[PDB]
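A.B. asks: 3D model of this:
(2 chains, ligands or ions: 1)
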Amino acid sequence: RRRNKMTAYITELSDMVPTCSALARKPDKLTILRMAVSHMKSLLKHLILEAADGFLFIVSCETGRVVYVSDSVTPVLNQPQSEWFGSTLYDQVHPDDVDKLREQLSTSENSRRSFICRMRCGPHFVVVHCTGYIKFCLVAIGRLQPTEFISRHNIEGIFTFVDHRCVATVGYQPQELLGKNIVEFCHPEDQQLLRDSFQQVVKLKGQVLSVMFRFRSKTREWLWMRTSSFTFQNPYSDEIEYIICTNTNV
Amino acid sequence: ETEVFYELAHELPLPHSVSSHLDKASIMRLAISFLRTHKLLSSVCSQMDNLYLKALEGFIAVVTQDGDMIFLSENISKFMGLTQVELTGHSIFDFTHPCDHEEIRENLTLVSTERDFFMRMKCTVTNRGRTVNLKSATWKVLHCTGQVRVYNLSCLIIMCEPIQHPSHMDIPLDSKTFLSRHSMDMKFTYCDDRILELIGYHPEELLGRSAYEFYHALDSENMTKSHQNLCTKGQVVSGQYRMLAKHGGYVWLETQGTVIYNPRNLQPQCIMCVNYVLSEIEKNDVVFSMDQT
Ligand SMILES: O=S1(=O)N=C(Nc2ccccc2N2CCCC2)c2c(Cl)cccc21
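C.D. replies: Residues are numbered from 1 along each chain as shown, chains lettered A, B, ... in the order given. Sure, structure below:
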């Protein structure tokens, strides 16, 4: 209804204006509107900081020195404005990001800019998304955002991926396990149990099975190990990508 | 009557060209939305507007708990065709894809306050910079990252960034970035040459391979969601993920994936991906996959 929504808009404007809500008799439509004009004629940096933890900075394109840096650089990077002022962007950025920096600060070919780089805060670097334009200078806002080891196998059981924690859990280099089947490192008694687990994980697609067997270490001792595994499915084709195992000692 | 209603339009934070032209109900809506936004700004806070609003690749949205978009940044027009006056005060569900309304709702509530999602909004502008009528409205995917904040009610204050289409792109492309084409199961069907100079793979030896085999296992979950989003909305931006390098080690990457539709039969043809190399080869001595041997 037109009258119902318009009246609801008027009474909501009553509730928002303090000098109008404090009144006892709700004034007529002409009065509240004039009282609202007077309220507004009497009276977003934090919105960006609240939304994405971003800070504005203006840098020179040729030298790289900053010509402005907002105070929001302290909440986002724990760095004073004096630390940024009088310095170049190349100092506040990871050493392996200066080549990328130049290609974004080069006004030879260009304008908009968008890039990611690691900035120093506090030798700790944080990932910052920098979006801005050219005005030379760049006006941009930068915003913020061993008991086991995980392995991946094909359906047969061939290591196709091994994380570095294997060198501590079993003592093998990742290259030692890769290319070979997991049952080759299994005790012959428990070998049939391991193949049975690999038969179920495929059959119980998506479900998590758990087998416990003796794993041959590089020192050639049988370390008891619980391997909890499950099949990984492609979110589109539902093809079994691999079998993800988390092999935990004892 | 008209003269006093014409006065509030002048006093709204708008240019006189667009404010002196709306109806009375729109003036009331905009006034109420501005007052609620100021009431919230008094809570969050204990010229240079051009620099902040122009250097943004997105728009700021302050949406109430019931879905009322009490604040929308001006640049929203630049990204959506629908401008500030036409959308401020209206419900977010009246201008968003219904298949995303449940996720929008579960992101509007509530004890973590950070929010990061992808949502499809009505877009009535074309790549030629020409605005189109609302009836011809496409669905534009927006990565919305923000916070939920309680004040006096609850509000979602987010920055919504569009994901640039790889065909219609206008941003210096760093030499530390490379393009790749995939099938819908994310298998390589084409790759750029720079992958040889950045990660070490030759573009031939990646074709027909599942990309699920070339990244670190610790990222496996965080990738699936991306794929699903990329398959559900047609566009996604992944997080920082480690792609296993050729001769050992891994490289940090952030990828913007876009579902490309065939222009003649309107069927999904492939998925185009712009990958931003975020570091050099880390742990290059350590091998992880069988392909690193
Ligand atoms: O082999 S990868 O490291 N995995 C990739 N992506 C990937 C893998 C599985 C699921 C989803 C994705 N994405 C879709 C869009 C965001 C990332 C990838 C890419 Cl898209 C390009 C080059 C190298 C690699």
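
A.B. asks: the chain: strands as residue ranges?
C.D. replies: In the absence of a named chain, this looks at chain A. Along chain A, counting by DSSP state E, strands occupy A:54-60, A:66-69, A:112-121, A:124-134, A:137-143, A:148-153, A:159-162, A:208-216, A:222-233, A:240-249.

A.B. asks: please go with chain B instead
C.D. replies: Counting by DSSP E, chain B has these strands, from start to end: B:59-64, B:69-72, B:114-123, B:138-150, B:154-162, B:177-182, B:188-191, B:235-237, B:241-244, B:250-261, B:268-277.

A.B. asks: I figured residue B:253 was touching residue B:275, is that so?
C.D. replies: Yes: counting by CB atoms under 8 Å, residue B:253 does reach residue B:275; the two are 5.2 Å apart. C-beta here means a position set from N, CA and C on the backbone, and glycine is covered the same way.

A.B. asks: the ligand contacts on the stretch 51-200 of chain B?
C.D. replies: B:180, B:186 (CB under 6 Å from any ligand atom).

A.B. asks: contacts only, for the residue lying closest to residue A:180 once chain neighbours are set aside.
C.D. replies: Counting by CB to CB, 6 or more residues apart in numbering or on different chains, residue A:159 is the residue found nearest to residue A:180 once chain neighbours are left out, at 6.2 Å. Residues near residue A:159 by CB atoms under 8 Å, 6 or more residues apart in numbering or on different chains: A:151-153, A:177-182, B:290.

A.B. asks: just the buried members of those residues?
C.D. replies: A:151-153, A:177-178, A:181-182, B:290 (16 or more other CB atoms under 10 Å in any protein chain shown).

A.B. asks: please report how far residue B:5 lies from the ligand.
C.D. replies: Look at residue B:5 and the ligand: by CB to the nearest ligand atom, to the nearest Å, they are 50 Å apart.

A.B. asks: count the neighbours of that residue for me.
C.D. replies: When counting by other CB atoms under 10 Å in any protein chain shown, one arrives at 17 neighbours for residue B:5.

A.B. asks: touching, residue B:61 and residue B:67? I think so.
C.D. replies: No: using CB under 8 Å as the test, residue B:61 is too far from residue B:67 to be in contact (11.2 Å).

A.B. asks: look at the two and report which has more neighbours.
C.D. replies: For residue B:61 versus residue B:67, the count of surrounding residues by other CB under 10 Å is larger for residue B:61: 26 against 17.

A.B. asks: okay, how far is it across stretch B:153-167, tip to tip?
C.D. replies: Across stretch B:153-167, the terminal residues are separated by 42 Å (CA to CA, to the nearest Å).

A.B. asks: that one close to chain A?
C.D. replies: Yes: Stretch B:153-167 is in contact with chain A by CB under 8 Å from any CB of the partner chain, via B:157-159.

A.B. asks: and the strands of chain A: which comes nearest the ligand?
C.D. replies: Closest of the strands of chain A to the ligand is strand A:240-249, at 9.0 Å (criterion: CB to the nearest ligand atom).

A.B. asks: mind giving me the packing neighbours of the closest one?
C.D. replies: For strand A:240-249, the packing partners by 3 or more CB pairs under 8 Å, 6 or more residues apart in numbering or on different chains; DSSP states H and E come out as strand A:148-153, helix A:166-169, helix A:188-203, strand A:222-233.

A.B. asks: return the distance of the shortest one from the chain's centre.
C.D. replies: So the one you mean is helix A:166-169. Centroid separation for helix A:166-169 versus its chain: 28 Å, with CA atoms, centre = their mean, to the nearest Å.
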